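We begin with a single chain expressed as structure tokens, specifically the form deposited in one PDB entry.
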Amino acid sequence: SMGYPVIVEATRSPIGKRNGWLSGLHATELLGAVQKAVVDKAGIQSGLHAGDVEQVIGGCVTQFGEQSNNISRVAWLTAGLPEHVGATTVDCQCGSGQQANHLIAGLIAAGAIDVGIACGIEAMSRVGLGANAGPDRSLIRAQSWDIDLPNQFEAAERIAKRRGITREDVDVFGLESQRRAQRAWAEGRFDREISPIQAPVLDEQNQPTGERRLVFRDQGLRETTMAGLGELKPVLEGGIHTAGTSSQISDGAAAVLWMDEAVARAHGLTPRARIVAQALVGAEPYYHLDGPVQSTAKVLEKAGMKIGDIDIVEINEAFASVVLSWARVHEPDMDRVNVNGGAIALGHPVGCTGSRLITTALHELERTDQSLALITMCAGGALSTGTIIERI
């Protein structure tokens, strides 16, 4: 239409563990640092400045306290960035950070803006899941509510049972998530996409020691063995998922700089990717988190593509069974799926992850000189986001 949106830059913090390396930052400082970082990554040779950005849209799930009151705006102001830039924070639960990209591209397509930033934040050390309601969570839905929507841990089990996924099957998968994340770090695959973040050091009681680190490494990786995974106790009684086959609670932020193509060309910025097809669809409430099956089918239809066409898949690892369910339906080549590991090993700062995945997918297309990626996430409320991006 009146714009042609392309990604020119994308960057993410390292992902910290709960009460870990980034836990001493205010949620607004963490997001602000990455917003600033993605602008800075355009370089002096771009002539682009933060005040050339027209709008920022960031995903965030638990919009309480530090994360309330439009954190995307608060962060941007806290990082010292120019006040005339508009900002909006979005919640479609887990997919927020991905839908933030979809929305920015849409405003560029519409000719409403020429330059945008899509981002996501979750400082789960600071603002934990469920802070955005009081203790009796029955109160948050109307008395008339009668949809079998399970909690996410029961959802993963129901999905495993529906697909015949076993304890062994998920352990094998969790192991390979850690292995591939450790490969990626060993080989320096994440070195382009990461913006190291200054954070204060907190001790085991969460108290400042005085020192600050520039944090540049994902915290969630660790020595993992099948035997080790075999010993872990399941989160639910009779469940198959354990800590080692579920995403980690994490702190992180990620941001993607978008422009209309002719504005990228003016700044001499290579257009790196565009969206082929995007969606956000509802899933079956009973299974809750099997939605990647539907968002994948919806983007493949819109793109006129099949799963064979896609070079790289990033499908969030909220639980092993979610990915394995998806794969038994859509039948990918698993060597193409989460090639640098996923949330089991890397962490899942919920509102960040959808921008983080777009960042990770793009850079791996670039590293391997390939063309197409598919990004897909399950999300609370029984939803799912899907993107296919193509390198330009």
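All residue numbers refer to positions in the sequence shown, first residue = 1. We call the rigid core whatever largest set of C-alpha positions still superposes within 1.5 Å between the two forms.
The discussion below concerns the form deposited in another entry, not included here.
Lining up the core between this form and the one not shown shows that one residue from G80, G164, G188, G111 moves its Cα 2 Å or more, and that residue is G80. Once both forms are overlaid on the rigid core, the distance between the two CA positions of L229 between this form and the one not shown is under 2 angstroms. Relative to the superposed core, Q93 undergoes a Cα shift of 2 Å or more between this form and the one not shown. In the other entry, the Cα-Cα separation between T88 and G282 shrinks by 3 Å or more relative to the displayed conformation.
If you compare C-alpha positions, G282 and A87 are 3 angstroms or more closer together in the other entry than in the form on display.
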